[PDB]
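Scroll down for the structure; my scribbles are underneath it.
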2 protein chains.
Amino acid sequence: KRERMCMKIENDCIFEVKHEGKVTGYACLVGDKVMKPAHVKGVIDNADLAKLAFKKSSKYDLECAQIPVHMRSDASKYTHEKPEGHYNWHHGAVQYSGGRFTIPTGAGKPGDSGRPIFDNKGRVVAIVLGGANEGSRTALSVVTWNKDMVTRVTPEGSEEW
Amino acid sequence: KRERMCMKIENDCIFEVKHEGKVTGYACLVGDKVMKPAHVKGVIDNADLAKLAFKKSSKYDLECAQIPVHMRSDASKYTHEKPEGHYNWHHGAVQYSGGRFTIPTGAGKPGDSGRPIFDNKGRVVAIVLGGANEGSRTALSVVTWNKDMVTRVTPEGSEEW
């Protein structure tokens with residue numbers, strides 16, 4: 001059941017990043033802000049977004065932009081609560097343990113940066129920046145939200161996708 | 001059987017050429033090199049092939065380039081022998097007689113250049129460049145391979161496609 005509304009919100013809140021005719025990442029709609037990883041380069045496949053003025057920060061590895069008014073109804077809902085346990089993702093399941101997001105499978109690859117992670121109610125909880133291969137698992141270097149503050153977690157050995 | 005494998009080899013080994021938004025020709029990937037008819041102008045429907053520095057030959061009327069490493073497993077097979085009989089083509093079957101390739105119907109149209117001619121085992125024998133309407137048939141001005149050289153057959157009255 002969860003995958004259905006998950007994929008609905010995904011297609012309603014994901015636009016791929018083009019560069020040199022090839023996909024490189026994804027910029028997603030959260031709340032009232034278009035947000036994209038900064039390590040990835042290119043242009044988003046929309047005339048409305050391409051002309052937007054972007055605020056960029058390498059310390060957090062992220063660009064943001066104000067979404068147009070007419071597109072304000074096509075964005076997700078955010079949250080800051082971080083209960084321990086299990087969460088969904090475009091390629092399956094993720095686990096929040098010890099303040100750390102983990103992929104059990106290790107199925108991550110370049111070009112998967114910017115794909116948001118969702119909660120039980122479909123609310124976006126994080127965005128994947130990169131992965132770190134720890135044994136059979138992949139610790140996820142992501143940008144997440146506190147109540148008022150934006151934080152970044154990057155475990156050792158991570159690599160930008 | 002032969003028709004289906006010819007179609008799949010053509011799908012995996014042909015890239016269209018577009019100019020002013022209209023298709024103008026075809027480029028084919030054989031062995032470890034991409035080649036296109038030189039007379040046809042446009043851009044290949046692949047940024048990977050579009051950025052390669054193509055080598056030109058007006059006398060042979062052919063452009064060639066060395067394929068990238070990651071496309072090397074998607075390459076058709078070549079040969080150099082020309083037994084007498086019939087051969088496969090995207091538009092049917094071609095007849096070989098006395099050094100002449102001919103279409104049974106004369107159904108070739110402008111913009112059809114570059115579509116490879118396959119052997120019984122799917123190996124490429126020649127590359128179609130142009131046609132000449134002789135009688136009720138069309139003679140093929142094509143590009144074939146010797147032991148180590150390239151030869152071009154252009155019967156009189158032929159026109160570039």
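FYI, nothing fancy with the structure tokens labels: chains A, B, ... in order, residues from 1 per chain, ligands from 1 as they appear.
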
Given only C-alpha atoms, how would the per-residue table for chain B near chain A read, listing every residue at most 9 Å away with its closest atom pair and distance in Å to one decimal, sorted by chain and number, as a Markdown table?
```
| residue | atom | partner | partner_atom | distance |
| --- | --- | --- | --- | --- |
| B:46 | CA | A:21 | CA | 7.7 |
| B:47 | CA | A:21 | CA | 5.9 |
| B:48 | CA | A:21 | CA | 8.6 |
```

For the residues selected in the previous step, produce a file with C-alpha atoms as a tab-separated table (two decimals), in the first residue's frame.
```tsv
chain	number	residue	atom	x	y	z
B	46	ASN	CA	23.82	10.20	-28.55
B	47	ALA	CA	25.93	12.78	-26.74
B	48	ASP	CA	28.57	10.08	-26.32
```

With only C-alpha atoms as the counted atoms, please give the residues lying no more than 8 Å from residue 125 of chain A, apart from itself and same-chain residues fewer than 3 positions off, as a ChimeraX atom specification. /A:78-80,82,116-119,144-145

Run DSSP on the backbone and tell me which residues of chain A come out as alpha helix (DSSP H); list them as a PDB file with C-alpha atoms, in the first residue's frame.
```
ATOM      1  CA  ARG A   2       2.722   2.434   1.012  1.00  0.00           C
ATOM      2  CA  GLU A   3       4.570   2.089  -2.301  1.00  0.00           C
ATOM      3  CA  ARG A   4       1.556   3.375  -4.241  1.00  0.00           C
ATOM      4  CA  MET A   5       1.266   6.801  -2.621  1.00  0.00           C
ATOM      5  CA  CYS A   6       5.059   6.786  -2.298  1.00  0.00           C
ATOM      6  CA  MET A   7       5.535   6.549  -6.075  1.00  0.00           C
ATOM      7  CA  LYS A   8       2.706   9.046  -6.600  1.00  0.00           C
ATOM      8  CA  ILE A   9       4.424  11.651  -4.414  1.00  0.00           C
ATOM      9  CA  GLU A  10       7.768  10.762  -6.015  1.00  0.00           C
ATOM     10  CA  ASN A  11       6.557  11.466  -9.552  1.00  0.00           C
ATOM     11  CA  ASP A  12       4.821  14.582  -8.211  1.00  0.00           C
ATOM     12  CA  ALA A  47      11.788  26.039 -18.063  1.00  0.00           C
ATOM     13  CA  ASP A  48      10.142  27.275 -14.865  1.00  0.00           C
ATOM     14  CA  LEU A  49      12.932  25.872 -12.687  1.00  0.00           C
ATOM     15  CA  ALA A  50      15.851  26.626 -15.022  1.00  0.00           C
TER      16      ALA A  50
END
```

So the first atom is atom CA of residue 101 of chain A and the second is atom CA of residue 138 of chain A; what is the distance between them in Å, to one decimal place? 8.5 Å

Between B:96, B:61, B:147, B:23, which is the closest to residue 84 of chain B once you count only C-alpha atoms? B:96

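Residue nearest residue 33 of chain B within the list B:99, B:152, B:56, B:66: B:66 [criterion: smallest interatomic distance, only C-alpha atoms].
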
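Between atom CA of residue 132 of chain B and atom CA of residue 35 of chain B the interatomic distance comes to 22.4 Å.
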
Using only C-alpha atoms, find the one residue out of B:133, B:102, B:151, B:113 that sits nearest to residue 39 of chain B.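 Checking each candidate against residue 39 of chain B, we get B:113 as the closest.
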
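Atom to atom, atom CA of residue 15 of chain B and atom CA of residue 45 of chain B stand 5.9 Å apart.
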
According to DSSP computed on the backbone, where in chain B is there strand (DSSP E or B)? Give the residues as a PyMOL selection string. chain B and resi 14-19+22-30+33-37+43-44+55-57+62-66+76+78+85-89+92-97+100-103+116-118+124-134+137-145+150-153+159-160

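When only C-alpha atoms are used to measure the gap to residue 95 of chain A, the shortest distance among A:124, A:140, A:34, A:64 belongs to A:140.
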